[PDB]
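Residue strings, one per chain:
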Amino acid sequence: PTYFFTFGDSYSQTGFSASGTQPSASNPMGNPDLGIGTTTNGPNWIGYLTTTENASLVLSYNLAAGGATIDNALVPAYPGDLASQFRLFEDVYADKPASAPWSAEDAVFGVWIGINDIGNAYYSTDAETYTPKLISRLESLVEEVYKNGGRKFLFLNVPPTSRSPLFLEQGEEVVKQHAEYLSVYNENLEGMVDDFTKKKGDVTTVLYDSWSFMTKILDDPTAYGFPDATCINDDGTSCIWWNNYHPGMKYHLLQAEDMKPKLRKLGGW
């Protein structure tokens, strides 16, 4: 099987507990049931990659936690920052236990972080000098998994949360300030992933440009079956937005479909 360990924020959360039912062939998410615990009204991108877009057996260990930032020593928010998710991984799965006997050839580490770091710091920090600190801390966490023997990595860049209803309501100049800051973060993320890839020489990496994908939908919503780019519906399917800051299940399914061909080199797609 492919062991898919994920790390991130509310765009990735499912409510998976390390003490809940663990992933197996008959139950690849482990816990909770597929479609529960998300910000989408249904499966999220991880549920869809694991159970709908998979080419072979994928087992999902999803450590993402709502509200997470990279490290509370930089931009703080909630206790379950990315650093704490890596610590949970180190405590339970890093040593390849019988419940998750992974190897360099069959483990994929997916990270989707930055929404909240940017969301909280875009007006109070200098993007050009501050976002390298965030990205360097992300890289140091990734190095912990590399030391454990991880070699396959998936990074998603930050999507245009500047154009969520929550931000649009703050005025176009705030949308722009946030978007400009976000663009610098994503450029630095790309640089780091490229540099890591070249320096190690023995890793398989994907940088998934969620920003451009979601932007395409926001720019032409009706081509994707949405009536406009701003409406909210908690059914997760009628609108792009499930709530004012989170996209719904239909969006996540469209993203997972977009991702599938780009993930073929990682082993489960």
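Residues numbered from 1 in each chain as written, not as in the entry; some residues may be left out. Heavy atoms only, no water.

Per the deposited record, X-ray crystallography is how this structure was determined, to a resolution of 1.50 Å.

As recorded in the PDB, this entry has the title "Crystal structure of AnAE in apo form, a fungal GDSL-Acetylesterase with acetylcholinesterase-like activity from Aspergillus niger".

1. Overview of the pattern of salt bridges
Side-chain pairs of opposite charge can arise whenever the charged atoms involved come near each other. How we decide: The working definition used for a salt bridge is a side-chain nitrogen of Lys or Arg within 4 Å of a carboxyl oxygen of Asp or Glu. What counts as a helix is a DSSP run of H or I of at least four residues, what counts as a strand is a run of E of at least two, and both are numbered from the N terminus.
Summed over all chains, the structure comprises nine salt bridges. For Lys199, the salt bridge goes to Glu143, with nearest N and O atoms at 3.6 Å. A residue pair is termed long-range when its members are at least 10 positions apart, and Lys199 in helix α6 (residues 172-200) and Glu143 in helix α4 (residues 127-148) qualify at 56 residues. Residue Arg151 pairs with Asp202 through a salt bridge whose shortest N-O separation is 2.9 Å. Taken as a pair, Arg151 in the loop between α4 and β4 (152-156) and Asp202 in the loop between α6 and β5 (204-208) lie far apart in primary sequence, 51 residues in all. What you see here is one network of salt bridges that share partners, running through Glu139, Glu143, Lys199 and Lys200.

2. Focus on helix α2 (residues 82-92)
Under the convention used in this document: Here's how the labels work: a residue is buried when its accessible area is under 20% of the maximum for its type, exposed when over 50%, partly exposed in between, all with a 1.4 Å probe on protein chains only. Contacts between residues were defined by any pair of non-hydrogen atoms, one from each residue, lying within 4.5 Å.
Looking only at α2, the buried set comprises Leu82, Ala83, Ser84, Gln85, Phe86 and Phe89. In this fold, the buried residues of α2 make contact with β1 (2-8), β3 (107-112) and α4.

3. Focus: the packing of α4 against α6
Selection rule: The angle between two axes is taken between their N-to-C directions and runs from 0 to 180 degrees, where each axis is a line fitted to C-alpha atoms and a helix contributes only its stretch in contact. Here a crossing is taken to be left-handed if its near helix is turned anticlockwise relative to the far helix by less than a right angle, and right-handed if that turn runs clockwise. Each residue is assigned to one of three groups, with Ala, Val, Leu, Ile, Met, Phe, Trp, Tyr, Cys and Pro labelled nonpolar, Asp, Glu, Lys and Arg labelled charged, and all others, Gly among them, labelled polar.
Orientation of α4 relative to α6, taken along the N-to-C sense of each, is 35°, at an axis distance of 9 Å. α4 and α6 meet at a crossing whose hand is right-handed. Contacts between α4 and α6 involve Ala127, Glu128, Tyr130, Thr131, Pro132, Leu134, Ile135, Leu138, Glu139, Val142, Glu143 and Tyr146 on the former and, on the latter, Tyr181, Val184, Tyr185, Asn188, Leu189, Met192, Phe196, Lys199 and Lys200. Looking at the contact of α4 with α6, its residues break down into 14 nonpolar, two polar and five charged.

4. Let's talk about the packing of aromatic side chains
The following threshold applies: Paired rings are identified among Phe, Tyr and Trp, the last through its six-membered ring, by centres lying within 6.5 Å, and are further divided according to the angle between planes into stacked (under 30 degrees), edge-to-face (over 60) and tilted (the rest). Only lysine NZ and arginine CZ atoms are considered, and such an atom sits over a ring when it is within 6 Å of the ring centre and within 35 degrees of the ring normal.
Applying the stated criterion across every chain yields a total of 25 aromatic pairs. Between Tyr11 and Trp112, the ring centres sit 5.6 Å apart and the planes meet at 90°, which makes this aromatic pair edge-to-face. Here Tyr11, found in the loop between β1 and α1 (45-51), pairs with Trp112, found in strand β3; they are 101 residues apart in sequence, far enough to count as distant. Note on accessibility: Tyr11 and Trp112 belong to one class, buried. Considering the side-chain rings of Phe89 and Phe109, the 5.6 Å spacing of their centres and the 90° angle between planes classify their relative orientation as edge-to-face. Of the two residues, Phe89 is situated in helix α2 and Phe109 in strand β3; the sequence distance between them amounts to 20 residues. In terms of burial, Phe89 and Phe109 fall into one category: buried. Over the ring of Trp102 we find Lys96, and its NZ or CZ is 4.6 Å from the ring centre. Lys250 extends its terminal NZ or CZ atom over the ring of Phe226, reaching a point 4.6 Å from the ring centre.

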